[PDB]
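Everything on this sheet refers to the single structure shown next.
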Amino acid sequence: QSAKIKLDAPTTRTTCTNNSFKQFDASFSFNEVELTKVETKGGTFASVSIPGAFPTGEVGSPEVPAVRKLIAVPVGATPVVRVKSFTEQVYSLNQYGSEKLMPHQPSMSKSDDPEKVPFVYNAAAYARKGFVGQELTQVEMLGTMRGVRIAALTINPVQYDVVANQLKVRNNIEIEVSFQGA
Amino acid sequence: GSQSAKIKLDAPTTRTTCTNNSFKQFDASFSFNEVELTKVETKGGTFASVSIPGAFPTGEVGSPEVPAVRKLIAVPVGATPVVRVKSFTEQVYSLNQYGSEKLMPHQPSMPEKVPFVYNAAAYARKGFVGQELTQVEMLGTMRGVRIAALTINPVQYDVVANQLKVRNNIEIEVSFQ
């Protein structure tokens, strides 16, 4: 079972338009978020995701979905993202259930019994008022693999107000990626 | 001879789209508005060089260079990416009207470290020569992320006829495991 919450875009689509050799435009749109109820050692929580996204957040704090795009970086270039535009809307989650977003759990240690792993829940973070989230865009050089320099372009469309149980979703995100060199 | 000849392709813009339906599957589309043809002076004579915006040169070393597009994708744990071609458009473009020079041969790497490589047998091959339209290669893992390279090969070349066969508006489905 899952609740589908419709967002202000007709489709979940990512586009890249190559406008020159050292520049491209990209656009990210999301038609919905999927909210699933998850049973845990700390209670029932909600888990919100977007198609092709991965969960992010500090260990013990509410998990939110982010999208990652991998790009090839030319030799001697630095990728620089410029945000052109986006839309933004708030979505109240209490109407679907009073459960808060699930807390982000630590990575699993291979030799551990999953049943005996202590559940991490930062009560102080769950009592903090106002919207919490990452910068909309991030660029990180990951390294070189088989002669290809790879960067990770991360898009963080979701902010969350745990006390109000509200999502703030940025959508129709238009960016320009420039490969700065000299 | 820096300014390229712009050959109009059968798509209004150079654009890549990814329509993410599920966590196990996404659709992608690749389109190209034009090919750029430049004349290049080399150790082995003057040759033509064809490119597409956002593409990189490919081909066997010593054989005609053709542009390909590479998309890097994150692969879920335990999954194998599998590509299915849904559709594409195709058109042939005669290059002799721009010049009789053939496409330049693909060089190994790159001042004088790398000698000039020219496979005369590759330049006598009749008919269209090129790679499969799509290829998937696991590159490895970097900072907890499994990375695959999805290569799209829109160009085939008939060196004797000096003609390009360009596949465009390429629609694919990528499924994980």
Side-chain angles (χ1 to χ4, degrees), chain A residues 2 9-34 36 47 49-56 65-75 79 107-108 110 140-155 177 179, chain B residues 2 4 11-34 36 38 51-58 67-77 81 108-110 137-152 174-176:
Chain A
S2 88
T11 11
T12 297
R13 184 200 307 269
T14 298
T15 73
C16 295
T17 311
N18 283 102
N19 289 302
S20 96
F21 74 100
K22 57 185 278 174
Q23 198 179 87
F24 71 89
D25 291 338
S27 82
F28 303 82
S29 74
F30 319 102
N31 171 245
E32 63 179 55
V33 301
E34 305 87 51
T36 57
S47 176
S49 207
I50 290 160
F54 60 94
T56 67
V67 157
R68 181 189 323 115
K69 222 70 184 181
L70 308 167
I71 64 174
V73 181
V75 190
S107 52
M108 242 276 296
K110 289 98 176 194
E140 191 184 4
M141 289 302 308
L142 296 183
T144 297
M145 267 211 296
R146 299 191 194 177
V148 183
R149 295 180 69 219
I150 302 169
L153 164 65
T154 302
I155 311 295
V177 177
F179 297 118
Chain B
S2 195
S4 68
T13 10
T14 298
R15 184 198 305 270
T16 298
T17 75
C18 296
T19 293
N20 227 130
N21 313 292
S22 317
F23 65 99
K24 290 187 284 284
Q25 200 178 275
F26 72 89
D27 292 338
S29 83
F30 303 81
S31 75
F32 319 105
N33 68 313
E34 59 180 32
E36 288 188 60
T38 60
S51 71
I52 288 163
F56 61 94
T58 69
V69 285
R70 180 185 6 256
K71 222 204 112 207
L72 307 165
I73 63 176
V75 181
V77 191
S109 52
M110 260 282 284
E137 191 184 4
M138 289 302 309
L139 297 183
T141 183
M142 268 212 295
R143 299 192 186 180
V145 183
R146 293 180 69 218
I147 303 169
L150 164 65
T151 303
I152 311 295
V174 178
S175 56
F176 297 117

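Residue numbers begin at 1 in each chain, while the letters A, B, ... track the order of the sequences.
Ranked by heavy-atom pairs shorter than 4.5 Å toward chain B, the options A:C16, A:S27, A:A53 are led by A:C16. Ranked by heavy-atom pairs under 4.5 Å with chain A, the first of B:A28, B:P53, B:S31 is B:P53. Chain B forms more heavy-atom pairs under 4.5 Å with one residue of A:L142, A:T17, A:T15, A:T12 than with any other, namely A:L142. Counting heavy-atom pairs under 4.5 Å between each of A:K69, A:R146, A:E140, A:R13 and chain B puts A:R146 at the top.
For the pair B:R70 and B:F56, the distance from NZ or CZ to the six-membered ring centre is under 6.0 Å and the angle to the ring normal is within 45 degrees.
Of the atoms belonging to B:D27, not a single heavy atom falls under 4.5 Å from chain A. Neither the backbone nor the side chain of B:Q25 comes within less than 4.5 Å of any heavy atom in chain A. Proximity to chain B is absent for every atom of A:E34, based on heavy atoms less than 4.5 angstrom apart. Contact of B:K24 with chain A is not made at all, since no heavy-atom distance falls under 4.5 Å. Interface remark: B:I52 contributes no atoms to any contact with chain A (heavy atom separation under 4.5 Å).
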Intermediate values then yes/no, side chain to side chain contact (heavy atoms under 4.5 Å, CB included), B:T13 and B:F32 = CA-CA 6 Å; B:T13 10; B:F32 319 105; over 6 Å; no
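Proximity of A:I150 to B:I147: side-chain heavy atoms (C-beta onward) are separated by under 4.5 Å at one or more points.
A donor-acceptor contact shorter than 3.5 Å is absent between the side chain of B:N33 and the backbone of B:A11.
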